[PDB]
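Shown next: coords22.txt, given as compact mmCIF, C-alpha atoms.
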# COMPACT_ATOMS: atom_id res chain seq x y z
CA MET A 1 40.17 51.80 -10.92
CA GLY A 2 37.90 49.27 -12.78
CA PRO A 3 34.25 47.99 -12.97
CA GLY A 4 34.31 46.39 -9.45
CA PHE A 5 35.36 49.68 -7.84
CA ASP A 6 32.74 51.45 -10.07
CA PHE A 7 29.85 49.34 -8.65
CA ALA A 8 31.24 49.67 -5.06
CA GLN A 9 31.49 53.51 -5.42
CA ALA A 10 27.90 53.73 -6.78
CA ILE A 11 26.63 51.89 -3.64
CA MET A 12 28.76 53.98 -1.23
CA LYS A 13 27.75 57.36 -2.73
CA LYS A 14 23.95 56.79 -2.39
CA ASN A 15 23.28 53.85 0.02
CA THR A 16 25.58 54.44 3.08
CA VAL A 17 25.46 56.61 6.20
CA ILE A 18 27.83 56.87 9.16
CA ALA A 19 26.10 55.24 12.18
CA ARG A 20 27.35 55.94 15.73
CA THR A 21 26.31 53.84 18.77
CA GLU A 22 27.89 53.62 22.26
CA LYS A 23 30.11 50.82 20.78
CA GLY A 24 31.60 53.04 17.98
CA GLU A 25 31.26 54.46 14.43
CA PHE A 26 30.14 51.97 11.72
CA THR A 27 29.58 51.99 7.97
CA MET A 28 25.80 51.41 7.66
CA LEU A 29 24.17 50.17 4.43
CA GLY A 30 20.71 51.58 3.59
CA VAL A 31 18.65 48.98 1.64
CA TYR A 32 15.22 50.59 0.89
CA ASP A 33 12.76 53.13 2.41
CA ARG A 34 14.19 53.94 5.94
CA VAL A 35 15.56 50.35 6.46
CA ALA A 36 19.33 49.83 6.96
CA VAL A 37 21.69 47.11 8.31
CA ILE A 38 24.57 47.13 10.81
CA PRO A 39 26.53 44.38 12.64
CA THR A 40 24.64 43.14 15.73
CA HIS A 41 27.74 43.85 17.92
CA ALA A 42 27.03 47.62 17.30
CA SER A 43 24.33 47.14 20.06
CA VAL A 44 21.69 49.49 18.50
CA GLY A 45 19.39 51.10 21.12
CA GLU A 46 16.36 53.42 21.06
CA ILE A 47 18.54 56.34 19.70
CA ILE A 48 21.42 56.25 17.13
CA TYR A 49 23.50 59.03 15.43
CA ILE A 50 23.19 59.03 11.58
CA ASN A 51 25.79 61.39 9.96
CA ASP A 52 26.02 63.05 13.49
CA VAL A 53 22.18 63.68 13.64
CA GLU A 54 20.28 62.27 16.69
CA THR A 55 17.78 59.75 15.19
CA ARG A 56 15.05 57.66 16.83
CA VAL A 57 15.18 53.92 16.09
CA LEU A 58 11.63 52.84 15.04
CA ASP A 59 12.54 49.09 15.06
CA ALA A 60 15.71 46.95 15.43
CA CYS A 61 15.79 43.17 14.83
CA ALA A 62 18.91 41.05 15.46
CA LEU A 63 18.52 38.24 12.88
CA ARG A 64 18.98 34.53 13.73
CA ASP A 65 18.54 31.51 11.41
CA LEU A 66 15.86 28.84 11.97
CA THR A 67 18.51 26.82 13.96
CA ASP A 68 18.25 29.90 16.38
CA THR A 69 21.94 30.64 15.52
CA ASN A 70 23.28 34.27 15.42
CA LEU A 71 23.59 35.78 11.85
CA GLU A 72 25.30 39.02 13.15
CA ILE A 73 22.95 41.24 11.04
CA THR A 74 20.67 43.78 12.73
CA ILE A 75 17.94 45.37 10.55
CA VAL A 76 17.18 48.92 11.69
CA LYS A 77 14.26 51.14 10.71
CA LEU A 78 15.31 54.82 11.17
CA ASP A 79 13.04 57.83 11.97
CA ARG A 80 14.72 59.69 9.06
CA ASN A 81 13.03 62.29 6.78
CA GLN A 82 14.42 60.73 3.57
CA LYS A 83 14.33 57.27 1.89
CA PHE A 84 17.31 55.24 0.57
CA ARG A 85 17.44 54.28 -3.10
CA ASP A 86 15.91 50.76 -3.29
CA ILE A 87 18.88 48.35 -3.89
CA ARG A 88 17.05 45.07 -3.01
CA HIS A 89 17.40 43.87 -6.65
CA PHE A 90 21.25 43.76 -6.11
CA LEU A 91 20.91 41.24 -3.20
CA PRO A 92 21.60 37.52 -3.81
CA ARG A 93 18.75 35.06 -3.38
CA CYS A 94 20.96 32.13 -2.15
CA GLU A 95 24.15 31.33 -0.18
CA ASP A 96 27.10 31.35 -2.65
CA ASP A 97 30.86 31.81 -3.24
CA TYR A 98 32.07 34.82 -5.32
CA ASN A 99 35.11 36.01 -7.29
CA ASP A 100 36.74 39.47 -7.24
CA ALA A 101 34.93 41.24 -4.36
CA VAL A 102 35.51 44.80 -2.97
CA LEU A 103 35.09 45.80 0.69
CA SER A 104 34.12 49.53 0.95
CA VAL A 105 34.17 51.60 4.21
CA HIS A 106 33.15 55.19 4.96
CA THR A 107 33.74 56.54 8.52
CA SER A 108 35.41 59.64 10.15
CA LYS A 109 38.60 57.44 10.51
CA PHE A 110 38.43 55.72 7.05
CA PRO A 111 36.66 57.96 4.45
CA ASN A 112 36.35 56.77 0.82
CA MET A 113 38.16 53.46 1.57
CA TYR A 114 37.97 50.60 -1.03
CA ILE A 115 39.81 47.22 -0.65
CA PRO A 116 40.03 44.56 -3.38
CA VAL A 117 39.70 41.39 -1.20
CA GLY A 118 39.61 38.85 -4.10
CA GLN A 119 37.90 35.46 -3.82
CA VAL A 120 35.04 35.08 -1.28
CA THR A 121 34.33 31.59 0.24
CA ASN A 122 30.95 30.46 1.62
CA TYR A 123 32.65 29.62 4.96
CA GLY A 124 29.41 28.92 6.90
CA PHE A 125 30.01 28.39 10.63
CA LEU A 126 32.30 30.75 12.59
CA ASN A 127 32.88 31.18 16.33
CA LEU A 128 32.80 34.99 16.10
CA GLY A 129 34.06 36.59 19.35
CA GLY A 130 32.79 33.50 21.26
CA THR A 131 29.32 33.51 19.51
CA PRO A 132 28.40 30.61 17.12
CA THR A 133 27.50 32.42 13.86
CA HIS A 134 26.15 31.08 10.51
CA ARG A 135 26.18 32.32 6.84
CA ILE A 136 29.74 33.75 7.09
CA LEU A 137 31.67 34.77 3.97
CA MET A 138 35.51 34.73 4.19
CA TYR A 139 38.20 36.65 2.26
CA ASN A 140 41.99 36.55 2.60
CA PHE A 141 42.62 40.17 3.59
CA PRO A 142 44.02 41.46 6.94
CA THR A 143 41.03 43.66 7.87
CA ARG A 144 41.26 45.90 11.02
CA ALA A 145 39.13 47.64 13.67
CA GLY A 146 37.13 50.40 11.93
CA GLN A 147 36.01 48.23 8.92
CA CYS A 148 32.95 46.58 10.59
CA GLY A 149 29.73 47.38 8.66
CA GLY A 150 31.86 47.75 5.50
CA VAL A 151 29.95 46.72 2.37
CA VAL A 152 31.08 43.65 0.36
CA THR A 153 30.16 43.86 -3.37
CA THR A 154 30.92 42.21 -6.68
CA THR A 155 29.91 43.83 -10.03
CA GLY A 156 26.09 43.96 -9.86
CA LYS A 157 25.76 42.35 -6.34
CA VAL A 158 25.73 43.56 -2.70
CA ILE A 159 26.62 40.27 -0.93
CA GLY A 160 27.48 41.04 2.75
CA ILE A 161 28.63 43.39 5.54
CA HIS A 162 32.07 43.01 7.29
CA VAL A 163 31.68 41.69 10.90
CA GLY A 164 35.23 40.61 11.97
CA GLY A 165 38.68 39.19 11.25
CA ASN A 166 41.48 37.04 12.72
CA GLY A 167 44.45 39.24 11.57
CA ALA A 168 44.93 37.24 8.26
CA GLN A 169 41.27 36.67 7.12
CA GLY A 170 38.16 38.90 7.12
CA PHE A 171 34.57 37.72 7.67
CA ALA A 172 31.24 39.13 6.39
CA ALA A 173 27.62 38.23 7.22
CA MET A 174 25.60 37.35 4.09
CA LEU A 175 22.89 39.67 2.86
CA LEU A 176 20.01 37.73 1.30
CA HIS A 177 17.01 39.17 -0.62
CA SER A 178 14.63 37.24 1.77
CA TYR A 179 15.76 39.40 4.76
CA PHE A 180 14.03 42.54 3.22
CA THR A 181 10.64 41.38 1.81
CA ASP A 182 7.67 43.68 2.77
Whole structure given in structure tokens:
Amino acid sequence: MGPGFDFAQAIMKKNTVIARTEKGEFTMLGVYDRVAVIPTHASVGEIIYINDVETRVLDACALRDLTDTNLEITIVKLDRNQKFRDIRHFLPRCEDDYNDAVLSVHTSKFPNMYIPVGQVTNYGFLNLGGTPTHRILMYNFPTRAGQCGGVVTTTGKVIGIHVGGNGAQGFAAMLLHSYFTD
């Protein structure tokens, strides 16, 4: 409908796949080469389905900060025959608050879904499903089961992936440029 939805759509059309694990279907953001991200609660194993194709997992790393606190991001390298467009230059370098964000989801259940979530707070600590979690972003939208792995963007920035909600608020794990240096 406007420039926020335009940037979100451009990311969804080239940099997402549908990932299936034993714990469900997730929106999965591809970042560069064969490297993608997914919430750690997806429990990635040795094999994953990517757009309903059986795919070997070459590496999976559940990120934690240097306090050894959960970040809820898993970085996955896929045994896929095709690279993602490199979008690392759209990742923030530092922890920050944002205005006018969009949460975008693409699954069997929720295809071509875009949600204007508004203002995003650098919330920090969250007890997420019983697990102490850092670098959480918060937005005042009643997000639901099926939106985990959804991409959070502003115009020109890919800032996080949706990891949970409390019925009134939604929560994303930050994406930082430093996670994807090579």
Exercise. Point out the residue among A:177, A:92, A:71, A:145 with the least atom-to-atom distance to residue 125 of chain A, counting only C-alpha atoms.
Key: A:71
Quiz prompt | Atomic separation - atom CA of residue 79 of chain A relative to atom CA of residue 161 of chain A, Å | solution = 22.2 Å
Can you tell me which residues surround residue 50 of chain A at a distance of at most 10 Å, considering all atoms listed in the file, apart from same-chain residues fewer than 4 positions away, and format the answer as a CSV table (one decimal) with C-alpha atoms, keeping the file's coordinate frame?
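Once written, selection_16.csv looks like this:
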chain,number,residue,atom,x,y,z
A,16,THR,CA,25.6,54.4,3.1
A,17,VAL,CA,25.5,56.6,6.2
A,18,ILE,CA,27.8,56.9,9.2
A,19,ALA,CA,26.1,55.2,12.2
A,20,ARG,CA,27.4,55.9,15.7
A,21,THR,CA,26.3,53.8,18.8
A,25,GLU,CA,31.3,54.5,14.4
A,26,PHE,CA,30.1,52.0,11.7
A,28,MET,CA,25.8,51.4,7.7
A,54,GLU,CA,20.3,62.3,16.7
A,55,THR,CA,17.8,59.8,15.2
A,56,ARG,CA,15.0,57.7,16.8
A,78,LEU,CA,15.3,54.8,11.2
A,80,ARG,CA,14.7,59.7,9.1
Quiz item: Skipping near chain neighbours, those fewer than 4 positions away, what residues fall within 10 Å of segment 168-170 of chain A using only C-alpha atoms, listed as an MDAnalysis selection string?
Solution: chainID A and resid 103 117 120 136:144 147:148 162:164
Quiz item: Using all atoms listed in the file, which of A:180, A:123, A:114, A:84 sits nearest residue 5 of chain A?
Solution: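 Comparing A:180, A:123, A:114, A:84 against residue 5 of chain A, the winner is A:114.
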Exercise. Tell me, in Å to one decimal, how far atom CA of residue 62 of chain A is from atom CA of residue 75 of chain A.
Key: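 Atom-to-atom, atom CA of residue 62 of chain A and atom CA of residue 75 of chain A are spaced 6.6 Å apart.
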Exercise. Write out as a ChimeraX atom specification each polymer residue whose atoms come within 12 Å of residue 128 of chain A, counting all atoms listed in the file; drop sequence neighbours fewer than 5 positions from it.
Key: /A:39-41,69-72,133-136,162-166,170-173
Exercise. Can you work out which one of A:37, A:158, A:76, A:58 has the shortest atom-to-atom distance to residue 10 of chain A, counting all atoms listed in the file?
Key: A:158
Practice problem: Take atom CA of residue 174 of chain A and atom CA of residue 159 of chain A and report the distance between them in Å, one decimal. | Solution: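 Atom CA of residue 174 of chain A sits 5.9 Å away from atom CA of residue 159 of chain A.
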Practice problem: Could you tell me which of A:95, A:182, A:100, A:65 comes closest to residue 132 of chain A if we count all atoms listed in the file? | Solution: A:65
Hey, could you pull the box centre and edge lengths for segment 20-27 of chain A, axis-aligned, 5 Å padding per side, all listed atoms, to one decimal in Å, as lines of an AutoDock Vina configuration file?
center_x = 29.0
center_y = 53.4
center_z = 15.1
size_x = 15.3
size_y = 15.1
size_z = 24.3
Self-check item: All residues 9 Å or closer to residue 105 of chain A, all atoms listed in the file, same chain fewer than 4 positions away omitted, as an NGL selection string
Solution: :A and (12 or 26-27 or 110-115 or 146-151)
Quiz item: Pick from A:86, A:22, A:99, A:32: nearest to residue 45 of chain A, with all atoms listed in the file counted?
Solution: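 Looking at the shortest contact to residue 45 of chain A, the residue is A:22.
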Practice problem: Skip residue 14 of chain A itself and residues of its chain fewer than 4 positions away, then list as a ChimeraX atom specification all residues within 10 Å of it, counting only C-alpha atoms. | Solution: /A:9-10,29-30,84-85,87
